[PDB]
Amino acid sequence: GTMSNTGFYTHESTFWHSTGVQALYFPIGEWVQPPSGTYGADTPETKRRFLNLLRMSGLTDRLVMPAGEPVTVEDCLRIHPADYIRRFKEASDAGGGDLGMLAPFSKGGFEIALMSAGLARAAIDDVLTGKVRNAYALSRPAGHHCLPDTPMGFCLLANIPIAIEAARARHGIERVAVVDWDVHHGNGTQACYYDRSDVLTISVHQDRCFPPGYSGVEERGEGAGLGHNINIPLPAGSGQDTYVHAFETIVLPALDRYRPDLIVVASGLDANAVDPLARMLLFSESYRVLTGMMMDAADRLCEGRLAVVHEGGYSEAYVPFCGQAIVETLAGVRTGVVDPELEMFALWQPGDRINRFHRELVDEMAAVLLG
């Protein structure tokens, strides 16, 4: 019982990153009144409360929890140009700033970003060397929107690509699949590997949400990357049925065709049923099913090698239950935690008429993407 083979990678400094004073994500000034209680959208508590519940549940006693270690600037330069890293560190040493679109940070945010990327790097490395069978990295700030030279949407470094390239330099790995179930499009991961065949990048996201107006079915890669990028925009208001169907008919077959040597999941929990930053209806049970599917795929394709890296998630109240369910599934253990909304959110799921239409939309995309 005792110790599982699942690693959980976290460091206190990830909770010290601050985006500044916003009302939700709206900058103050003009017509947006400063907030009185919670400021910001990516608040530390939207990630800390997940860790706190994990500790209260007792699960941490059964997890491998290594000390966090930051990436180096050299690790960053495998993805980002030296000019971006210089200006980022320069602003961080002053009073912070925002070098992209909706990517604010405070004094010292550079070092925290290095630690966050280091949690992902260590999780992927420890899975590859067999120190653990699978892993969850509680990275904050997130990574999947960060382009090589432009931070975006709360993401300051390209966490997953940095971790993959660091692993390639130290281990060599023939093919990697990144499955992004954060509710927003993983435009950063897509851009980092768009012209390459050695990473299959898959994103399931709310149609048109972030980047705003973007769907992306027709963006399949270019050059050697043609056919190695898969975008699955789902309608707002999709629930577990739609997500499970997209995984069954698109994600899983795409992974079987590609035969990766490692599966990385970009795990945003912002598709949850009460998140302010999207319109989806997933709940804790949904994340159990999706995690189980990814574990099954990793078991069949790459000896169970599955690394899960946190991205978004904006409900302080409900994100902890979804994260708890993921880690429980990775570790193969249940706890005494009771999700208080388990039945309510099941009753909120769309009816059969809506689910049938959403499946038809998914089937149409599966024909376009897999044939």
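The first residue of the shown sequence is 1; numbering continues from there.
Participant: On average, are the C-alpha B-factors higher in 149-157 or in 274-282?
Facilitator: Going by the record's values, the stretch with the higher mean is 149-157.
Participant: Would 134-142 or 165-173 have the larger average of its C-alpha temperature factors, as given in the entry?
Facilitator: Per the PDB record, 165-173.
Participant: Reading the B-factor column of the entry, which of 251, 102, 117, 266 has the highest value at its C-alpha atom?
Facilitator: In this record, 102 carries the highest C-alpha B-factor of the candidates.
Participant: Just the C-alpha B-factor column, please: which of 74, 207, 241, 182 has the biggest number?
Facilitator: The listed residue with the largest C-alpha B-factor is 74.
Participant: With respect to C-alpha B-factor, does residue 336 fall in the lowest, middle or highest third of the chain as deposited?
Facilitator: As the PDB entry reports it, the C-alpha B-factor of residue 336 lands in the middle third of its chain.
Participant: Compared with the other modelled residues in the chain, in which third is the CA B-factor of residue 291?
Facilitator: Bottom third by C-alpha B-factor.
Participant: Would you please rank residue 344 by its C-alpha temperature factor against the other modelled residues of its chain and give the third it falls in: lowest, middle or highest?
Facilitator: CA B-factor rank for residue 344: middle third.
Participant: Can you tell me whether residue 42 has a C-alpha B-factor in the lowest, middle or highest third compared with the other modelled residues of the same chain?
Facilitator: CA B-factor rank for residue 42: middle third.
Participant: Which third of the chain holds residue 66 when residues are ordered by C-alpha B factor: lowest, middle or highest?
Facilitator: Within its chain, residue 66 is a middle-third residue by C-alpha B-factor, going by the deposited values.
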